[PDB]
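Below you'll find the structure, written out as structure tokens, and then a few comments.
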Amino acid sequence: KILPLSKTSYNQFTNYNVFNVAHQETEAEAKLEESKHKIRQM
Amino acid sequence: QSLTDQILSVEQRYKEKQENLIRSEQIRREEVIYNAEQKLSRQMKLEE
């Protein structure tokens, strides 16, 4: 019976297998490097 | 009461075969996706 109400705190969803989390990517450079390479080549 | 304990034990065993199933499906979709991302690397052949 979860009624996750606290005016002083917020409860964490404490069911996350911490061992298999916090490693997505973004890596803009994954492709920008290629764009820029071509540009340098240009 | 023993049957209840059996029942719970076996239910946990049933989960195992089904964890194997979930991981089989979850891992597999990612495997396909990052086979698809090999073309990021073929598009790195492009760098070549």
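The way I read the labels, and the way they are meant: chains A, B, ... in the order of the structure tokens, residue 1 as the first residue of every chain, and ligand 1 as the first ligand shown, with later ones counted on from there.
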
Show me, as a ChimeraX atom specification, the residues of chain A whose atoms get within 12 Å of chain B, using only C-alpha atoms for the distance check. /A:30-41

Residue selection dump (C-alpha atoms) as a PDB file, in the first residue's frame:
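Now in part_19.pdb:
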ATOM      1  CA  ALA A  30      29.762   9.693 -33.735  1.00  0.00           C
ATOM      2  CA  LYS A  31      28.832  11.338 -36.961  1.00  0.00           C
ATOM      3  CA  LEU A  32      30.192  14.802 -36.589  1.00  0.00           C
ATOM      4  CA  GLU A  33      33.693  13.361 -36.717  1.00  0.00           C
ATOM      5  CA  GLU A  34      32.821  12.104 -40.197  1.00  0.00           C
ATOM      6  CA  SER A  35      31.225  15.378 -41.188  1.00  0.00           C
ATOM      7  CA  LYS A  36      34.259  17.227 -39.984  1.00  0.00           C
ATOM      8  CA  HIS A  37      36.586  14.776 -41.646  1.00  0.00           C
ATOM      9  CA  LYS A  38      34.953  15.421 -44.899  1.00  0.00           C
ATOM     10  CA  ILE A  39      35.171  19.109 -44.157  1.00  0.00           C
ATOM     11  CA  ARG A  40      38.891  18.869 -43.363  1.00  0.00           C
ATOM     12  CA  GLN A  41      39.290  16.897 -46.527  1.00  0.00           C
TER      13      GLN A  41
END

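For the atom pair formed by CA of residue 23 (chain B) and CA of residue 20 (chain A), the distance is 13.5 Å, given to one decimal.
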